[PDB]
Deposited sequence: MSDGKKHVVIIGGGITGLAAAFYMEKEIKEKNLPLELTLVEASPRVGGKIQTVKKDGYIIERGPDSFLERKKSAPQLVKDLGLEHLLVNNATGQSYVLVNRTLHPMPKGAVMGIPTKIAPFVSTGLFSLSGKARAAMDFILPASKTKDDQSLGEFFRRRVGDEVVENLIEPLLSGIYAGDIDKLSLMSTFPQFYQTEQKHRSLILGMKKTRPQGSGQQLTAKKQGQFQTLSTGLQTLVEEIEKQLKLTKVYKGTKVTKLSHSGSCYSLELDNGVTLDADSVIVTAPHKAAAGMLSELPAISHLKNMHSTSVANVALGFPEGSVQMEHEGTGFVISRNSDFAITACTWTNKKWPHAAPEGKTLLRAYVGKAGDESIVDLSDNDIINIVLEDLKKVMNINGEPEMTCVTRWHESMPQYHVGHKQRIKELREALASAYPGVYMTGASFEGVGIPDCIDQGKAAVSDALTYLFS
């Protein structure tokens, strides 16, 4: 009876754990699997807290619906009876002192192919280099750059074209809170020995088995290992492997998320839409601001207005250290500059993410390939995936974990 240990209890490890069991009980494989999680809870980046009839997503808000792996899991986990799409609306981009809106199918699918031709060279390059090469700087700075930074929390002059938009070579959630998706999995796991509050500190080789040194001192044995912990932790369990250097040299920008609850002192700004992002040249502290209510009404109790502001950006990310006070102050200080805030926030929830935004820079795919290959020839049966490899989005993480299950089995049986 072969053993497989999954390291990391976020969505990737959980996804791997869930589809691993589904496989062990459909081919009746002599496999016994266990999952180790460092923190006392499972779900990692996915955290949903409730306060005063509110539902605030400290981190992962929702997920792209077109990515099957995500809603698909929801079904298998039996939870479609909670899926709620986002309530569309207009968005804006605060340039200097003005809320401009985005511009006004077939004409769009074609305007893009004209504006953004496919890549000439086959060498990786930065998103900034790619755009700046075919559109004016002003455009990149005031429109493209603000958006991209908003969904990668990175520096576009560093981010890889190949790893973020390989194609150059509408959202769902759970009315109960994304965190339920995580809890639902933990409960439906039967053959998996889920150990929390324990961290793997070293990956090694015994005789015919792999040896996993734990926090406490216990040592587990395994024939196959799926590592889903973030680049820093992972690179630590295999510091000797030369290619692991790619993993430990990665960067994860720090960012802050601030939820705000208002009875009505909100008094809409000039315009009225889902939210907006701030352009580089704008000397603002906040990065973006979304009206949670408008998009996800089920978040805030009727009569209440729930806002969400993001802070911290690649480069100047020191704002994440200041106290809730300093943050919640800086947010309103800036927030008030484009809307009237009569009164004070009834509810306030700050939440920091120190190095939680994995950054894929130019050459990311090549380096990841080398690592996979190095691991294939020196550590057969060991696999590393997750937001640090190919895709930070929840859907992407789910299959990365699915692919891991696939590989591990092939190696073990097939």
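Counting the deposited sequence from 1, the stretches lacking C-alpha coordinates are 1-4, 109-129, 195-225.
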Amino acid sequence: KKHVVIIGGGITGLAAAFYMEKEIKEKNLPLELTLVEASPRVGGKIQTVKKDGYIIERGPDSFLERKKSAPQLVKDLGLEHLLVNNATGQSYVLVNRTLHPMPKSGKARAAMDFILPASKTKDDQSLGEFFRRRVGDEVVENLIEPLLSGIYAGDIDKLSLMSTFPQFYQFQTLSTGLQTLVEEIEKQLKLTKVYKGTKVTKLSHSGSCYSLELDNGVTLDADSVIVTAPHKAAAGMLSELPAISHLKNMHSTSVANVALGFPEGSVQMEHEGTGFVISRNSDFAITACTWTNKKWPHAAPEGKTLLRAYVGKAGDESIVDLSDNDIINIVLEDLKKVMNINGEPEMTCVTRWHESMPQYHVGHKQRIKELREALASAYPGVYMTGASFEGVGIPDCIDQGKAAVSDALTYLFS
From here on, numbers count along this sequence of modelled residues.
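Taking the PDB entry as given, 188-196 carries the higher mean Cα B factor of the two stretches 137-145 and 188-196. Comparing 369-377 with 29-37, the stretch with the higher mean C-alpha B-factor in the PDB entry is 29-37.
Based on the entry's C-alpha B-factors, the most elevated value among 240, 155, 272, 223 belongs to 272.
For the set 126, 249, 318, 253, the maximum C-alpha B-factor listed in the entry falls on 318. Among all modelled residues in its chain, residue 59 ranks in the middle third by Cα B-factor. Sort the modelled residues of the chain by CA B factor and residue 205 lands in the middle third. Ranked within its chain, residue 166 lands in the middle third, by CA B factor from the PDB record. Ranked by C-alpha B-factor against the other modelled residues of its chain, residue 276 falls in the middle third. Ranked by Cα temperature factor within the chain, residue 228 sits in the lowest third according to the deposited record.
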